[PDB]
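What follows is each chain in one-letter form.
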Amino acid sequence: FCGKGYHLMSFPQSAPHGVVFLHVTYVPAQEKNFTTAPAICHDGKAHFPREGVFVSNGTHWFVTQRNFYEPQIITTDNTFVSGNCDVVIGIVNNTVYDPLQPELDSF
Amino acid sequence: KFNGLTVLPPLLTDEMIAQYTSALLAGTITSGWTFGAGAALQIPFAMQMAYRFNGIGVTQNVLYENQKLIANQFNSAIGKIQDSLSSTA
Ligand SMILES: *[C@@H]1O[C@H](CO)[C@@H](O[C@@H]2O[C@H](CO)[C@@H](O)[C@H](O)[C@H]2NC(C)=O)[C@H](O)[C@H]1NC(C)=O
Ligand SMILES: *[C@@H]1O[C@H](CO)[C@@H](O[C@@H]2O[C@H](CO)[C@@H](O)[C@H](O)[C@H]2NC(C)=O)[C@H](O)[C@H]1NC(C)=O
Ligand SMILES: *[C@@H]1O[C@H](CO)[C@@H](O[C@@H]2O[C@H](CO)[C@@H](O)[C@H](O)[C@H]2NC(C)=O)[C@H](O)[C@H]1NC(C)=O
Ligand SMILES: *[C@@H]1O[C@H](CO)[C@@H](O[C@@H]2O[C@H](CO)[C@@H](O)[C@H](O)[C@H]2NC(C)=O)[C@H](O)[C@H]1NC(C)=O
């Protein structure tokens, strides 16, 4: 509706018999390939990303937001769980590190 | 072509329009909505459908747990269009 790309904002400018909009839009660039999977099997449970996708640079799995590659480790506070993982097609095994276990193991 | 009346041919031939729609369809199937924003970035179609379920408010696990059923519904729904077009005048 307002420029090609995801709309950030826009400014009006007066023209003789009309109006000229300057549409400021965000255009993603410099894309990179990654291997992906819908869920993660861990301890017999399927973990799906809260917001983002599971991406692997070949040998290590991460969660990223869909529009800017900013990788973060798969953890229990940014992935939710839904049943076991016999129904999903495309599951990959990996560890979902939880942040409470290191603190409790320090005891 | 009778007396002074002429019908000019459209600039885009029917084949060119078919090619436009084929391009749009391949883009939306393979890359989701990324190609409209800019460079076409490809996602597996299941994961893209999960994106879209998140869009409508349903969580993404609902698609993956029910992917076969959703596929069957979509296929049969497309099949119904052929009957509707071919038979209904
Ligand atoms: C992601 O990977 C695909 C497949 O490897 C790349 O597509 C191919 O890239 C090569 C080299 O640029 C071309 O010669 C092929 O014609 C491409 N298409 C194929 C093999 O079907 C794609 O370029 C990669 N994306 C990025 C951003 O690197
Ligand atoms: C894939 O990404 C992971 C990110 O963890 C890489 O693993 C780490 O890479 C850094 C930088 O080379 C090393 O310092 C670490 O020792 C690596 N391991 C860990 C557990 O952090 C991995 O090298 C990447 N693989 C490829 C092929 O790019
Ligand atoms: C993605 O596609 C590949 C296709 O290679 C699937 O891997 C198997 O590949 C062999 C190659 O001969 C095929 O005969 C099999 O039919 C493929 N398996 C399946 C289940 O189709 C791979 O499994 C596919 N991944 C997902 C998540 O469906
Ligand atoms: C992820 O881990 C599970 C758990 O072991 C694997 O499931 C095993 O699959 C083998 C081969 O099909 C069976 O012999 C085992 O009995 C299965 N274990 C269980 C507990 O059911 C699964 O194969 C792993 N994923 C991959 C891609 O290898």
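Definitions and cut-offs
Counting starts from 1 on each chain and follows the sequence as written, independent of the entry's numbering; residues without coordinates are not shown. The naming scheme follows written order: chains are lettered A onward, ligands numbered 1 onward. Just a portion of a larger assembly is displayed, and each value is taken over that portion. The basis for every side-chain value is the complete set of non-hydrogen atoms in the structure, without hydrogens or water. Each helix is a run of DSSP H or I of at least 4 residues and each strand a run of E of at least 2, with the numbering of both proceeding from the N terminus. Throughout, radius of gyration means the C-alpha value; the globule benchmark is 2.2 Å times the number of residues raised to the power 0.38. The cut-offs for exposure are 20% and 50% of the maximum accessible area for each residue type, with area from a 1.4 Å probe on protein chains only; residues under the lower value are buried, those over the upper are exposed, and the others partly exposed. Contacts are residue-level and defined by heavy atoms, with any inter-residue pair within 4.5 Å sufficient. Under this rule, positive means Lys or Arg and negative means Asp or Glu; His and the chain ends count for nothing. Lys charges are placed at NZ, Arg charges at CZ, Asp charges at CG and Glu charges at CD. Whether a residue is near a molecule or strand is decided by its heavy atoms; if any one of them lies within 4 Å of it, the residue is near. Counted as a polar contact is a pair of N or O atoms within 3.5 Å, where, for protein atoms, one must be capable of donating a hydrogen and the other of accepting one, and residues adjacent in sequence contribute only when both atoms are in side chains. Accessible surface area values rest on a Shrake-Rupley calculation with a 1.4 Å probe, where residue burial reflects the displayed protein chains alone. The pairing test for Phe, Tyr and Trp rings, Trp by its six-membered ring, is centres within 6.5 Å, and the orientation test on the planes gives stacked under 30 degrees, edge-to-face over 60, and tilted for anything in between. Here, a charge over a ring means that NZ of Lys or CZ of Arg falls within 6 Å of the ring centre while also lying within 35 degrees of the ring normal. A 1.4 Å probe defines the accessible area here, and the buried area is the portion of it lost by two parts on being joined, summed over both. Every case where a carboxyl oxygen of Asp or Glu lies within 4 Å of a side-chain nitrogen of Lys or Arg is listed as a salt bridge. Charged means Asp, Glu, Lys or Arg here, nonpolar means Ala, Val, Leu, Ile, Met, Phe, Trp, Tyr, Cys or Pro, and polar covers whatever is left, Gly included.

Method of determination, as annotated in the archive: cryo-EM, at 3 Å resolution.

Time to look at the overall build of chain B. Along the backbone of chain B there are five helices and zero strands. Helices and strands in chain B line up, N terminus first, as α-α-α-α-α. The C-alpha radius of gyration computed for chain B amounts to 20 Å, which surpasses the reference 12 Å derived for 89 residues by more than 25%, pointing to a less compact arrangement than a globule. For chain B, the spread of C-alpha atoms along the three principal axes comes to 65 × 40 × 20 Å. Expressed as a percentage of its 89 residues, the buried residues of chain B come to 18%. Taking the intrachain contacts of chain B between residues at least 6 apart in sequence as the baseline, contacts between residues at least 24 apart amount to 3%. Where the 4 positive side-chain charges of chain B centre and where its 4 negative ones centre are 2 Å apart.

Take the environment of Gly-90 of chain A next. Residues and elements named next belong to chain A. Mapped onto the elements of the fold, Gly-90 is located in the loop between β9 (79–81) and β10 (92–93). Of the residues examined, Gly-90 reaches a relative accessible area of 37% and is grouped as partly exposed. The spatial distance from the C-alpha of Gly-90 to the C-alpha of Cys-2 is 37 Å, given a sequence separation of 88 residues. The residues touching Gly-90, leaving out its near neighbours within four places in the chain, are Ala-37 and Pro-38.

Residues and elements named next belong to chain A. By nearness alone, every residue bordering ligand 2 is listed as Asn-57, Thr-59 and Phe-62. In this structure, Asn-57 approaches ligand 2 through a side-chain N or O atom, which is 2.4 Å from an oxygen atom. Contact with the protein chains hides 24% of the accessible area of ligand 2, taken as 580 Å² for the molecule alone.

It is worth spelling out the packing of aromatic side chains at this point. Applying the stated criterion to the full structure yields four aromatic pairs over all chains. Where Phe-48 of chain A meets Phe-80 of chain A, the ring centres are 5.9 Å apart and the plane angle is 25°; that geometry is what we call stacked. Pair noted here: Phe-48 of chain A is in strand β5 (residues 45–49) and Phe-80 of chain A is in strand β9, with a separation of 32 residues, a long-range link. Look at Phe-48 of chain A and you get buried, because its relative accessible area is 0%. On the accessibility criterion, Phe-80 of chain A (21% relative accessible area) is partly exposed. Look at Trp-33 of chain B and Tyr-51 of chain B: their rings are 5.8 Å apart centre to centre, the planes differ by 45°, and that puts the pair in the tilted class. Taken together, the positions of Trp-33 of chain B in the loop between α1 (14–31) and α2 (34–37) and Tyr-51 of chain B in helix α3 (residues 45–56) put the pair 18 residues apart, joining distant regions of the chain. By the ring-pair criterion, three or more aromatic residues cluster together here, those being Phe-48 and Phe-80 of chain A together with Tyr-64 of chain B. Its end group placed over the ring of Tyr-51 of chain B, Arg-66 of chain A keeps NZ or CZ at 4.4 Å from the ring centre.

On to the interface of chain A and chain B. The interface of chain A with chain B comprises 18 residues on the first partner and 15 residues on the second. For the pair chain A and chain B, the two sides together bury roughly 1,500 Å², of which 62% comes from carbon and sulfur. Linking chain A with chain B are zero salt bridges. For the pair chain A and chain B, the number of links is four residue pairs in polar contact. At the level of elements, β3 (35–37) and β5 of chain A are the ones that each hand at least two residues to the side of chain A that touches chain B. Its residues placed into classes, the side of chain A that touches chain B shows 11 nonpolar, four polar and three charged.

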